[PDB]
Amino acid sequence: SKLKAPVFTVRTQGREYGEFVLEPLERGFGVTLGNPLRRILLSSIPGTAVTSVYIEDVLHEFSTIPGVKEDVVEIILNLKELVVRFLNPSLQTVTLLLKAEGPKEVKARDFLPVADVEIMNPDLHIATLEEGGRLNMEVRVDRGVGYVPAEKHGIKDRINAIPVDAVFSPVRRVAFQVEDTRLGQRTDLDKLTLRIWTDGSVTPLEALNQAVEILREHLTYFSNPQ
Amino acid sequence: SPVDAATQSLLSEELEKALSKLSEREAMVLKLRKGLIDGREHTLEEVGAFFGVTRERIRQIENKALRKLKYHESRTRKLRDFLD
Amino acid sequence: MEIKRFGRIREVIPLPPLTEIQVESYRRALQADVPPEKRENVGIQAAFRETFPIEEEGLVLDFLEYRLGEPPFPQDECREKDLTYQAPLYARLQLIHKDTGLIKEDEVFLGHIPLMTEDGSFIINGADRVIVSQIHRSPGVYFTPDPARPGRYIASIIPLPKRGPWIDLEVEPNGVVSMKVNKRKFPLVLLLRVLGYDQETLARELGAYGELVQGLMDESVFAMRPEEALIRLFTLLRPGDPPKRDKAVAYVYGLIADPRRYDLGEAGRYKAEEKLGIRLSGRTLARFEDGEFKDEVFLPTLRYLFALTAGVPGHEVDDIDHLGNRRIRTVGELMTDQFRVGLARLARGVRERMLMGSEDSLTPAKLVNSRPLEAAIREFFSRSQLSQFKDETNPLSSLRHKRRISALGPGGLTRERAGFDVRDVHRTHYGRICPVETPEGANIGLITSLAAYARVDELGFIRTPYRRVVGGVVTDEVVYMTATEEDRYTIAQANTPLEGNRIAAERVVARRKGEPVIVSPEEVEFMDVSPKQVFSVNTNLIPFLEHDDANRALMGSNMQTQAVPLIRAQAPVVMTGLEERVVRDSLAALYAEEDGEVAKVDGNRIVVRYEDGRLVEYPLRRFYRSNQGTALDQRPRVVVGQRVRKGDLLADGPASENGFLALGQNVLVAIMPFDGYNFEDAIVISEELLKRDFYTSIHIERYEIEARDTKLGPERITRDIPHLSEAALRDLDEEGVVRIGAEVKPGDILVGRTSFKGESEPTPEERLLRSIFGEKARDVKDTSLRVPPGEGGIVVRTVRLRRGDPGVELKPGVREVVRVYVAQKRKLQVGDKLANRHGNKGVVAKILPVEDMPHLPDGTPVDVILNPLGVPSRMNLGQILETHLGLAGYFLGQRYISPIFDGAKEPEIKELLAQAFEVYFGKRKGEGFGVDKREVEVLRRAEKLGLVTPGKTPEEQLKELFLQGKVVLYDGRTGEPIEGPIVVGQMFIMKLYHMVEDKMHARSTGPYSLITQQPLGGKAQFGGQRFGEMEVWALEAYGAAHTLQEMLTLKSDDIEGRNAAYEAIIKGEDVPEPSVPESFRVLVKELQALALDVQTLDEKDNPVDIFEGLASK
Amino acid sequence: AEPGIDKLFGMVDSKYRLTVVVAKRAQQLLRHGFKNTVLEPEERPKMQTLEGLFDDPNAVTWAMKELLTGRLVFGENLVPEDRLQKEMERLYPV
Amino acid sequence: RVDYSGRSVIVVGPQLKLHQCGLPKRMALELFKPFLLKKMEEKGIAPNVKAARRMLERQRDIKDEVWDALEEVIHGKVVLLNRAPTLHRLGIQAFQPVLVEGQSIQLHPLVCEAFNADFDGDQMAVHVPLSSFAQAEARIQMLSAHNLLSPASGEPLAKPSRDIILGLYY
Amino acid sequence: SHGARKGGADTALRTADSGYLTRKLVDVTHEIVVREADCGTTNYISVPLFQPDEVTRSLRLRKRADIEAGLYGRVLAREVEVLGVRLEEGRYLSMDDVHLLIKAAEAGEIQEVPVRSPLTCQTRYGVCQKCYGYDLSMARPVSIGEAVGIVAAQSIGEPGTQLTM
Amino acid sequence: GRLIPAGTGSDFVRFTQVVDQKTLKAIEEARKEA
Amino acid sequence: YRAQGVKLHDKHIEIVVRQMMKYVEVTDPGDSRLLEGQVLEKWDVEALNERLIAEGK
DNA sequence: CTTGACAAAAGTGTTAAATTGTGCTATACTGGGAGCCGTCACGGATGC
DNA sequence: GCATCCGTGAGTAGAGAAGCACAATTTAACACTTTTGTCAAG
Ligand SMILES: [Mg+2]
Ligand SMILES: [Zn+2]
C-alpha cells in the first residue's frame, strides 16, 4: 500500500532561478519536506559576502565623498549586491582594492584581480565619479552562511573601517508550494514545487543539493545514544 | 421519459443495421411480419399477397432470417443489452 | 472530575415540572381518575353537562356520567402498527319519556379519546405528536381608545373563540351609543329596551356622566314594549326574515343569552367582574328567565364606557397585548373545545332521530351516533395546525416543543394580521415568556416559549413566582401571580445583595409596572426568585448569557434543539445547573423508583430489587428511530449488586452523560484564522475527532412498501425478480426481504416485489428483438424497493405487517406492508454544521491531520479552529468566557456550573487560570525543561502589543498571557510559533441535525409533473431545482439568452426538446433548437376554457398552430 | 479568467457579438470534427489524460483560441447561410 | 423547475481559483450523466449507452475508470452556481468545476459577498448549460473572473474581505 | 430585548417589502434594452456639482461619491473646457474625468455638467449606447443588447433590505 | 420560451456569421469562376 | 441610499423614472380620433402629432 | 418451392347470470344554517 | 369635495343517512366455425 517513489523534475533557467517539482508525495509530506529545506536554504548554504569596507577620507557611514553622486550608504548598499566566488577551498578571506579617478562610472570589474577570486557580477555599478574625484577602497570579503548584521560581527581591519551587513547566503529567496494531486483512487497526495532564487554564485540546483545534504547529515546525528 | 424515448431510437437504429446484413426481400419480410413498417403484424396470407407467395413460403424466409440474426448477434453482441 | 459551582443567589423553590403545561391540563380535562360523582364542571365533563340534556320536546336524553376504559393497545404496539394510543369513552345516558314517565338507562360507546403519554405527547396513527399551546386575546370586556376620534373610547365584549359574536359599544359622533353585532351597527338604546330598561332607570344609573346619557334617549323605543323592541331589533339584525315573535326571541336568546351558543368563559367571566366591579351569575351577556330578557353585563359595560369617557378617576384603557389580557389555551382546553364541537354535532343528530319517531322502542344507543364526535376529535389530533409532528432530535428538543406557545392556529392570528404589536416583547413577558427563544424569520414573535419558572393557571393566565418582602427582609413565601396582579407591587431584582435574609443595599433596583426604578429596601414588596425565571429552558442552558447579544443568544437556544445525540456525548465543561433537570423531566433517562439493589444489568433491561422486595424490570429503549431519524437508545449506568437510592440514575437516555444533558462534545478550541478555511463562519477540525469517534451519531431511516391487490393480479413480495442476477439478489432472504445485518448501498434492493404488467402490445422493435433472442415476455415486472441515491447503511430491523394481523388496520386492497430500518453510523465530515450555545455556528470546511493542527508546547494539538472575526460583530462574548473557563478546567481536570447572571466572573476565572498555569507550566519545570526559544520570541512580540509587562521573567510573562486565556501556540506545518499568543481553551460544541449527507442532491432527468410536464421538486422525489423569476432575471441581466431559453424549454417542459436533447447528448451531438414550452400550451388551453380566443400570429398576422394540427377539427 | 478575454472583448463592438461568434464557430468545429480548424497542429488545445496528451474536446475552448489568432472572419451578411453550409461541407466532407 | 440541476451545502474553497468551484463527484456524475454515458461508450467502460446507464444505477458497480471519464467530460465546461435569494445577477455565476471528494460544494471566498453567502449552512443550486451557446454565454458573460465590478455602482465587488484584509493589514 | 425583537420583526417585514418592490421595478423596466448606438437626440440633463444648504443659505459642493454616482461613465452632451483640458462632446467620463470635474468645481470654473441620460434618450423600447454610457461592471461603454432595465431593477432592489426602513 | 431580445438574443448581434479565410475565399472564387 | 452608505448610480433610478413618465394625458384632441382625458404613451402621441403636422391637421 | 395435413389461436353467435337503471311506496308533516372579524395602504369607483 | 365599502397586493429557496320490485343493459360463460401457425410431404 506504500506509495510509489516520486519523480523529481527540474525547470532551471539561467544560473539564478529554478523550479523543482516532486510528485506524487504522501499526504502532508510536501510541507514536511518544503519547510526544512527552505530554512536550510536561507541560513546554511555556504557563501561569501562583504563584511567590512574602508574608504579614504571617510570617518562614518552616514557621510558623503566630495566627487561622487553616491554617498557612503549607497555605495555600501551597492557593495552588498556584490557576488564573488572563491576558486580555492582553503581560501577564507580576501581584500579587494579599488583605486579609480573621476570622471568615471566605477563598476565591479574595476576591482583589482586577485588569485582564485572571481567576481560573478562584473557589471554591478559601484559609484559615479565626477572629474577631480578620487576613490580609494579596501573591501574585506569573508566566508560564511546566512545573514549577519554589521553590529553583530563588527569586523574592522583598520581604523575608520565601516562594518557592513554580510549577505553570506547565496540564496536570495525560497518559495515552496504544496498542491493536491491524485494517483488513481488516492486523492490526498501532495505535489511539492520548490522555487529557489540565487545570486548566481551557486546554481539553484546546487543550493538544493547542498540543503538536502545538510539535512541528511543532521539525520545521522540521531545515532550513538548517550 | 427522455431515457425511454432515447433507448427506443437506439434500438431502432441497431435493428435497422442488423436487418441490413439480411437480403432485400428477406429483411422486408421481417419488417412486414413484425410491423416495423406499418405498426401492425401482417399475417402470412397478407404478407404472401404482397410478394405473391403462399403462407408457408413466408414462414421459411421469416424463420431463416431469424436464425441468421441470431448468428450475427452472437458474433457482434449488439442487441443483448436492449432487452434487459 | 470535580464540579465547581459558582453563584450567590439561593433559589428558595426548584423549577416546576417542565411538562406540567401539557400533563396537568390534559389530566384536568379528562378527569379519568376522579370518581364521577366528584368530577368538577370542567373539561369534557363540562362538555357533557352543556350539550345535555338533549330535550327535543316529549323525549329527553340526559347525561349521568362518563368513564374512560383502558387503552386497547400499549404505546409501543401503537407505534409499530400505526395505531392511535387512545382510551375508549363510554357515557351512561338515560332516555326520559316526559309523558309516560319511564326512564331507560344504558352505557353507550362514544368512541376513543387519545391518551397523553407520561412525557406529555400523543401517539396519533403511530406517530408522536405534541399539541402546542395557543396564546390569544382573553375573553372579557375591554376599553380601547378610538384612533380616529381623539378622546373617544370603544367598549369591546369578547367571548371564547367561536363561542359568540364580538360586541362593540361606541358613542357615535351624533351622540347615540351604537352596538355593532355581526358587522351590523344598530343603536344600543333598542337593546336595553329588550332587556327591560326604563328611561328613568338609565338616567339614574348613568345620568351622572356629563350629557352622554342624552345620547341614550330615544323616545320612540321607550314608548314601545320590550316585546315590540325585540321584534324591532330582530328586523335590524335579520332584515327580510319574517319577524314572528317565537322566531325573534330565539335569535336574540341565541345571540347573547344561550349558554350552549354564547360562552364568555371562566377567564372571560372573571375578567368581566374584575374590570366592571360586578358579579356574573353565568357566562352569558344576558339571562332569559320568566319569559323575558334580564341584563347581566351591558349596563356595567356602558357605565364604565361613559365613566372612562367622562375622565372620572379609577377608569383606564386596556392594553390588549398586556399578558394579563392574553391567556393560554393548553392541550386540555383545545381538545375539550373540539370535543364540545363534536358533541354538539352528535346532539344535533340525536334530535333528528328523535324527530323521526319510533319512540316505542327507542334506546339511547339507537339515538346516539358517535361518529360526529369521533371525527371532530380525530380531525383535531391529525389536521390541526396546533397538532404538530413531535420534534425529538434530542430529549431537549421534545421538552422545548411541549413548552412552545403559538399565536397562530385555528382561532388564532395569521402573519398578515400579525403586526409589530403582537410580535414585540411586551413588558409583562418578564418571567412568563422568554424574551429570547423565538424563530427568526417570518414567525418571529409569533411562536414563543414558556419561561422556566412560569406556569399557566386554571384561567389560562401565565403566573410567575416572586418572593414576599416585608420590613426590608426577604421571606421564603413564594407567590405565583399574574401580570395584572404584578403591576400593583414594587418588585426587586434577584441580584439585590442580601445579608442573611435582609436586604443589605440601601439602593435597590426594582420594577414598577415593568419600569426600572431605584427604591429603598422598605419600599420593596416582592423579590424575583432567580434570574432563571426570565428565560426559557433552552436559554437557561447558555452559560455566560449576560455576555451575549440577544440576537445571537436566540440562535444558541434554538440550535440546542437541533443537536443530534452522539455515541460519546459529553456534558459541557461549563454548565448553568439545569442539565440534570432537563434529562430528569424529559423522561428519556431511567431512575430508581425507591431505594434498592440492582439485580440484573443488560443492554436490553435492568432489574432492581427494591427494599419492599418486589422485582421491577425496566426494558431499555435500544436503537429506536425518532421522528427525525436520530437513534434513541438507553445505555445502563449501573452494575449488578449496586445499591441505588431513590431517584438515582439507572440508565442514560439519548444525549445524556451520567444524568447530565450531553448535546455535544468538549473539544480543545484555538481562536485564530487558519489559511482561509475559517472564512465566513467556516470551521476547521482535526482528524483526531474522527479517530476517537467524537461527533459520531447513529441515524436510522425507515423504508416502506406495500403489496397491493390489482385488477390484473396482486403484487407479490418475493425473491424471484425477473431479469436480475444473483448479485442483485444476494442479500435477499427466501421471502424477498433484505437480511438483517446486510450493508445496503444506493441501488441495492431492500425488498423484492413483482407487479403484473398492464396489458399493452409491445412496440414492433421490441417484438423483433424478443423474437431474435427466443425469450417469451413474462407477466410481471420489477417494482422492488431500492435504496435511494446518497443513502444506505446497515439493515437492523424488518417489520412485516400482514392483513388479518391483530391490530393491523391495513387499507383495503393492501395484502401486506414491509418496513425496513437502515442504520448508518455518521462521522463528522466536510459540510456538517457545528454550533456552540452562544450562536456561533458553521459548517466543517476542512479536516486536518493531527500533525497539521496548531499544538501546545507540550505537544497537545487543538481540536477545532474558530475564526476570531465571528465574535466582534455578533457581540457574543460568552463563548470567549466559556473558552477561558474551559482552559482552566482542562488543566485542573474539573467542570463548572456558572448560573446565568449569577456565576463565574472574570476575577474568579483568572484565579482558576492561575492554578491551571501551575500544572500547565510547573509540570514542565519538574520534567527538566525551561522556556522555549520559540516562546521567548512570542513573549518579545507580546510586550510590543502591550500584552505582558516588560522586565518580568519569561515564566511570569507566560503566566500573564495564561491569565488572559492565551498561550504560545506552535504551527504544526512549520514548527514555528504563531507570532501572537492565541486564545486556547475547551469549549462545548454541538453537531446539528443539518447534515450535507441528507442535503446533497442532483438530477439529470427524472419524474415530471402531470399537467405542466415540468420536473418535480424535492430530493425525495428526485426533483429538479427551482429556477424562479429572480433567477430568470439574473440570466436576462447577463444577456444569456440561450442559457435562459434552455432552462425554459429544453430542461423543463419542452417534451420534444428534452427528449431530443438527451438523445443528442448520448450520441455526442449538440442539442437541437428548442421549441414551445408545454406550459404555454397549457396556458393557451386554460385561457380558451375562460372563453378567451388566444392565437399566436406570424409576421403577416396569419394564425400559427403551436399544437401541430392535433387540436384543429 | 478565459485566456485572452481582454483581447476577445476588444475585437467586437458588443460583448454579446463575441459570444455569438464563439458559439457559432464551436458548432462549426463540432459539425466537421475539428477538421475545419484554423489552428496549427502545435496550436491545438490539449487535454492531459491518463492515457496521454490528447486534443481538447471542448469546441468553445477551440473557438476562443481560434479567434485570438485572427484567422477567423466574423460579421453580418458576409456570405449566404445556405452557400456557407454547402461550401464548408465540400472542403471538409467529414 | 429544471433538469440537469443539483444542490448541496457550500464550504469555503480557499485554494480555488476565482473561476473555479469545488463540485462533488457524486453530484457531477448525476449532473453530467448523459455526457458521461457517451464518454463511457467511447472508451471501453461500457459497450453501449444503455449498459453504461445500468452501471451507474448501482453505486457498488461503478468502476474507477468512470471517474476518469467524468474528468474528460467536464474539461473546459462551466456550471452555474446560484444561492437564493437572487437579488442581483451575481447571485448566479459560472465556475469551472473541480471534482472533489465529499458532498459539499467548495465556493471561492472572493465571490461570497456577491452571493451574500457565508458558511453557516448556506446551500447553492448547480446548473449545467448544455449547448455551445449556453456554455459560451456562461464562460464569457457569466464567469466569476469576468464579473469583478458592481453593475450597480462600478466599484469592485469581488474584492478582499474578512481574513484577506486582516492579513494584508497586519 | 425589546429592541432586539423589534429589529428582527422589522427585518422580516422589510424583506417582503423589498422583494415586492424589486418585482414591480422589474415588470416596469424589463423591456428597456440597449437597442442602438445613438438615438441622435440633442437633449440632455445637467448634473449639479453644487447643492443649496439651508444652514448657510448658499451653494455647497456636493459629496464626491454623490458626484461620481451621477457623472461616472456618462457621455458628455456638450464640450466642457475645465482647467485647460478640453472634454469633447461624446466623451465617456472616466473616474479621472469626474475627479478633474470636481477639482474644476472647487476652482469655481464649472457648476453643472451636461451629460446624456436615459431620461432624455429618444430610443424606443429602451435606450441608446451613448445615453446609457458605461457598463459599470466593465468600466467601458455599454454594449448594445444589454438588458439595462433588469440591471437597474436589481441594482435598486438588491440593497433594499439593508435600509433601516 | 423564446429567445429574449437582449444580449446574445438581440438583433444587433444575433445574425453575426463566423467563417475562416479558407472557406471565405472558396466562396469568393466560386462566384468569380461561375 | 446615501444614508445607509449604499452607492447606486443615478442612471439606474433614471431608467425607472423614465418609465414613470412614459404616459401623457390628452388635453385637446385636435383633429385626431383621441378623447380628452385619454391616457397614452408619450412616444405614440408625438408620433401621431408628427403625422398630423405632415398633413396640416 | 406448393400441399397437404394437423392443434391450436382467434373470431363469433347464443344464452345465461350479473349488473345497472328506473319507478314507487297514501296519517300528516309546508321559509336554513353556520358564523359570529387582532393589518395595512393602495387605487377606483359610487354615490352623498 | 368627501366619506366608505370593495378589490387589490404584501421576498426567494427547500422541506415537509331506505328498501324493493321489475325492466333494461352489460358481462361472461359457452358453443361454434375461421384463421393462423406449422410440420411433415413431394
Ligand atoms: Mg448563512
Ligand atoms: Zn439616447
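Note: hydrogens, waters and symmetry copies are ignored here, and every other heavy atom, side chains too, is used. Convention: sequence-line order gives letters A, B, ...; per-chain numbering from 1.
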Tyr251(C) six-ring centre to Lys247(C) NZ/CZ under 6.0 Å and within 45° of normal: no
Residue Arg261(C), side-chain atoms from C-beta onward, closest of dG11(J), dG35(I), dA13(J): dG35(I)
Phosphate OP1/OP2 of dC36(I) contacted by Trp166(C) side-chain N/O (<4.0 Å): no
Nearest-angstrom distance, P atom, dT12(J) to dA34(I): 39 Å
Ion pair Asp337(C)/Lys162(C), N-O distance below 4.0 Å: no
Length of the line joining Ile105(E):CD1 and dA13(J):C1', which is rounded to integer Å: 14 Å
Distance-only donor-acceptor test, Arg345(C) side-chain atoms vs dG33(I) base atoms, 3.5 Å: no
Short side-chain N/O contact from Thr54(B) to OP1 or OP2 of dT2(I), under 4.0 Å: yes
Sugar-phosphate only, base, or nothing, as touched by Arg1026(C) at under 4.0 Å among non-hydrogen atoms: sugar-phosphate
Protein-nucleotide distance (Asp241(C), atom CG; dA34(I), atom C1'), rounded to Å: 15 Å
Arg260(C) CZ to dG33(I) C1', straight-line distance once rounded to whole Å: 18 Å
Distance, rounded to the nearest Å, where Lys1019(C) contributes NZ and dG14(J) contributes P: 14 Å
Least distance between heavy atoms, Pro159(C) atom then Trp166(C) atom: CD-CD1, 3.7 Å
Adjacent bases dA18(J), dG19(J) meet stacking criteria of 5.5 Å and 30°: yes
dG19(J) versus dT30(I) - spacing of their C1' atoms, nearest Å: 26 Å
Watson-Crick and G-U pairing of DNA chain J, under 3.5 Å, as dot-bracket with | and [ ]: ||||||||||.......||||.||||.||....||||.||.|
Value in whole Å for how far the P atom of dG35(I) lies from CG of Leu255(C): 16 Å
Watson-Crick or G-U wobble partner of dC36(I), both distances under 3.5 Å: none
Euclidean distance, atom NZ of residue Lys185(C) to atom P of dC37(I) [Å, nearest integer]: 14 Å
Sugar-phosphate, base or nothing in reach of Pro242(C), heavy atoms under 4.0 Å: base
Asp998(C) vs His699(C), side-chain hydrogen bond (donor to acceptor under 3.5 Å, both in side chains): CA-CA, chis, key distance, verdict: CA-CA 11 Å; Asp998(C) 305 322; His699(C) 299 254; 5.5 Å; no
Along DNA chain J (nearest heavy atom to each residue), the more 5'-positioned of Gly1017(C) and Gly1028(C): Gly1028(C)
Nucleotides 41-48 of chain I: protein proximity per nucleotide (B base, S sugar-phosphate only, - neither; heavy atom, under 4.0 Å): --------
Within residues 318-328 of chain C: residues closer than 4.0 Å to DNA chain I (heavy atoms): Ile320(C), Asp321(C), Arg326(C)
Any side-chain donor near an acceptor of the partner, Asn443(C) and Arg415(C), under 3.5 Å: yes
Residue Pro165(C), side-chain atoms from C-beta onward, closest of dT2(I), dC36(I), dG35(I): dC36(I)
Partner residues of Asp421(C) under the salt bridge (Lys or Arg N to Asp or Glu O under 4.0 Å) criterion, sequence neighbours left out: none
Partner nucleotide of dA28(I) by Watson-Crick or wobble geometry (both distances under 3.5 Å): none
Near-parallel close bases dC42(I) and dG43(I) (centres under 5.5 Å, planes under 30°): yes
Whether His1001(C) side chain and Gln1025(C) backbone form a donor-acceptor pair below 3.5 Å: no
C1' atoms of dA8(I) and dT33(J), separation to the nearest Å: 14 Å
Given DNA chain J, 5'-ward residue of the pair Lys366(C) and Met1030(C), judged by closest heavy atom: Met1030(C)
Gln1025(C) side chain near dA13(J) phosphate (N/O to OP1/OP2, under 4.0 Å): no
Base-contact (B) and sugar-phosphate-only (S) positions in nucleotides 34-42 of chain J, heavy-atom cut-off under 4.0 Å, - elsewhere: --BBBBB--
Sugar of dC20(J), sorted north or south by the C1'-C2'-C3'-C4' dihedral sign: south
Nearest-Å distance for atom pair CZ/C1', residues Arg149(C) and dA3(J): 15 Å
Where the sugar of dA31(J) falls when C1'-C2'-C3'-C4' decides north versus south: north
5′-ward residue of the pair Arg163(C)/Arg238(C) relative to DNA chain I: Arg238(C)
North or south sugar for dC37(I) (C1'-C2'-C3'-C4' positive means north): south
Of the listed nucleotides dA10(J), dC37(I), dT2(I), the one nearest the side chain of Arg57(B): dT2(I)
Sugar-phosphate only, base, or nothing, as touched by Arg348(C) at under 4.0 Å among non-hydrogen atoms: sugar-phosphate
Strand contacts (DNA chain J) in residues 411-423 of chain C, 4.0 angstrom heavy-atom criterion: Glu416(C)
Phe51(B) six-ring face occupied by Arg57(B) cation (under 6.0 Å, within 45°): no
Near-parallel close bases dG31(I) and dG32(I) (centres under 5.5 Å, planes under 30°): no
Sugar-phosphate, base or nothing in reach of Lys162(C), heavy atoms under 4.0 Å: base
Euclidean distance for P, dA13(J) against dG33(I) (whole angstrom): 46 Å
Salt-bridge criterion met for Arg89(E) and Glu1036(C) (N-O under 4.0 Å): no
Distance-only donor-acceptor check, side chains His994(C) and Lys999(C), under 3.5 Å: yes
Pucker class of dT15(I), where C1'-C2'-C3'-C4' positive means north and negative means south: south
Ion pair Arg1003(C)/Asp3(E), N-O distance below 4.0 Å: yes
Per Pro85(E) side chain, nearest of listed nucleotides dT12(J), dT2(I), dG33(I): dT12(J)
Between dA15(J) (P) and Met995(C) (CE): distance, integer Å: 16 Å
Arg7(E) side chain, from C-beta outward: closest of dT3(I), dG14(J), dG33(I): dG14(J)
Ring pucker hemisphere for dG38(I), per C1'-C2'-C3'-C4' torsion: south
